[PDB]
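Scroll down for the structure; my scribbles are underneath it.
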């Protein structure tokens, strides 16, 4: 009875850590299927292009897919060209870049978690670094190797090289270990940067921790009560419009908010501690 | 009890992302059945025609199938030739191309997801590029290859070539990697174009985000109340016609909307912020 | 009936020892997957960097992840730059370092439990100590070994050495046993330090054991009653704001605490035995 | 019906013998995983240090872990430095060492049960005794053995010895049998010492067997009544503090015990047969 109503409280409270644990568990299973089934490195001069597309192009698709599912990116841009000065208020001319910077950093999580799993499985970097064709970065790999390392390097993945094939097995291990070092430098420097910008946004907040816990509770059920007021006023408007069509009647007037009140309740909210309002709908009711 | 009435809320809300995830999971399993069971490349002079038909003809079938299932393409064209000026209003003469462009771009999703999975499995491009017979694009494939690369290229898929059969294994890998580069160029440039036209359509909207959320709620249950009014007036009309046939009576008059009211409620809706009407049935009731 | 209501009492009472037993059971299964599936030591001159990154970089990620999930690190830092003297009171100028020292030692548990399991499975230390290149610490390993121990030491993991390959099997055992001795010195000296600072914090407490048991019961259900007062005052504020918007009314006044009362209830609590208060909200009510 | 309410009486009554049977079943399964999966003896000069750490370091961790889980070690030390003379009463100046001696001997059970199972599986002692390097205790092992027993003894675990390898099988059996004799001498002398100090503490008791059975029944449900009086007085204090914050009222006074009564009920109890009190809370109520 109460055993099932006591575990769902502890699960719904920790809901922002199972969403990230599921986003990281799907990238691991998707990277162990692109390299096993679809990736096979050609031993040609297109080595640099072929390995640099299986690395960065699945990270570009996940960036655009995070702008589609972000519900507060359509809340900001819808109706922009009607009056472009309602997103740029004259009192706070810099909150547009704070919100737009919050959309970008929130959708960079899945590109970063793709570039780290793909670098901790060093099959894409080994195919890409073999076709380097550069003066620098080639003496580092071919340090104590024979004279034909500077030309037959881009064949080391397929074997197929007349260079005593146990040097080909220790030229693969030197490239499969330069990517796993780079794969850990990306997790360590993106976790530190994600904590440095989160703590700076909370240290510079306008309210303390107790008022911020009421602000999040009000903003979560102002949207639940909005879905029930829209759904109740739409059942009464469609019943008025369908009885005056089949019976050829004249309708009673239907009171609705005007266009000036619809656009004034859609502006961007910024907290003021002199008159403490918790939403932009709270501000237009208390002022009018 | 309430655990089953709390997961279906989170599933029906995210309903436009499981439909596209099911459309992408069916194209993958359909492309891995044509190339395994039905496709076998002939090593002939019909190499170009055979591989270019398994690429573009299953994408032409899915384009027409997206016009049959689009419910707002029959809402626009039914009764066109009675009065063609009800689709071309004189106030807004350009909305006909906005609606027609929305039909085309919404049915181009499944052709694009076919050409990407087919190019990421490079069996159709390798059979097609072998029979190119062109001056350009033939020196790129036969760069460091012997003299009989310019004539025996169209046999490389079947083997069957007296050209030292390890060059035939590195001419297959060079063609199976030019299609996977081209496959990622299509996903990366169609995901960017799909976001550029969706964001431009919302930035140029007439209403803000809050009024657009009531417009979508009213339009969803105006169709639900329309199906219950049609089903209620058809049960009363069929009972009147059947009692006056078997008993040879004369019927009472049945009030129904006239022909001029049926055609006025079927026009194309366009929002005006001076008189805010949320449908074209709402406009003919409030005006008459 | 009462059999299920008698074991959940004994499980929820011992709740701080199943969270640590689950934190230690997940580190063991995560370390037996990095060394088996992903770690393969190269026999090169990058031996020192490769083995020292698989040791300390997964312990840097778990340190930052313990600052995110700590609920009393945001309770201290939110709203810091509005008035920085509310975290540094003039009466108790040193409690800021007692709370900050409690956040750090509580999040150092999972880094320490990573470095112990990684040293009791001596694969990361064997790859890293082989590339030592130092005057000291090299005569200890190469004590009764031949002359080529001082140059071909970094190849001992891959084999591949012309040094009579049964000396290569007793040079691996001498390095796989110097890490397991260091793995037990870390558990034995972190368990003694975790008891010395816990017993010193309780011996220097202001209240005895009986008053401290009431303090923990009050602080546990002041948070439960706070979540039900926030959820009740937010259902009444959103109902007031949505009836005055759709009907264009003027609202009744809504009594709420002022901004000066919100910030005084968010300060840092310190016990005084002259006037015994159990929270900072209890102190501002009894004083005003 | 009553079949389940008649076996749980016989199980909860014998609760101090299933806790020790489960503590001993976990040490056996934990010692058969260290010596099988993680222990591999090097044949080097670090034989003494390697085998003496796998023996005594898991016994030092279990000693500190028995101070953390002992609920009457925090009952004694919390608030010690406020007034140190409440743990050292002038009438009974030696009860502090009786309680501290009861904490130490009750947490030595799991260290002793580790050293006995680890010595009845003679793998740790065989690795450590091979590197003895002593004048005594080496003639006992090398009694009827050849001349190279005094130098090649520390290699006997790995084999690897040119000493007619059937003498290497009877030097392992002589060291794997000196530890099992030492393993049984530890269980025989710790079971006799545990009965000798338990019977001496009960023979020197102040009450007889019948009064001691009421004392254990009262002390067991003074703690159950204390958890319900704390949980009832904390629900009334948090409701008073939250209604005077959101409504800006002034509160009624809340009667609570003073600081002098909180510390007098936290002292150390000792029985007196002149005025028979069964707790230290029973003493301060009957006296005041």
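The first residue you see is number 1, and the count goes up from there.
From the backbone N, Cα and C atoms, a Cβ is placed for every residue, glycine too.
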Kindly tell me whether the record in Swiss-Prot places residue C:10 on the same side of the membrane as residue C:131. no
Labelled transmembrane segment by Swiss-Prot, one stretch among C:71-96, C:149-174, C:175-200. Can you tell me which? C:175-200
Cβ under 8 Å from chain D, restricted to the recorded positions C:32, C:41, C:43, C:102, C:158, picks out none
Span of C:15, C:32, C:37, C:102, C:121, C:202 around 1,2-diacyl-sn-glycero-3-phosphate - largest C-alpha separation, Å: 45
Candidates C:15, C:32, C:202: member of the binding-site residues with the richest Cβ shell (10 Å): C:202
DSSP three-state call for residue C:43 (disulfide bond): helix, strand or coil? coil
Mind tallying the topological domain 'Extracellular' (C:130-174) by DSSP state, helix then strand then coil? 10 helix, 0 strand, 35 coil
Distant-in-sequence neighbours of the topological domain 'Cytoplasmic' (C:71-99), which means Cβ under 8 A and at least six residues beyond its ends: 263, 266-268, 270
Could you tell me which of these recorded positions, C:37, C:43, C:127, C:149, C:158, has the fewest other Cβ atoms within 10 Å of its Cβ? C:37
Report the listed stretch (C:16-37, C:46-70, C:175-200) having the maximum count of Cβ pairs within less than 8 Å of the transmembrane segment (C:100-129). C:46-70
Rounded to the nearest angstrom, how far is the Cα of residue C:149 (disulfide bond) from the Cα of residue C:32 (1,2-diacyl-sn-glycero-3-phosphate binding site)? 30
Would you kindly determine which recorded positions in the set C:15, C:43, C:121, C:149 have their Cβ under 8 angstroms from any Cβ of chain A, listing them in sequence order or replying 'none'? C:43
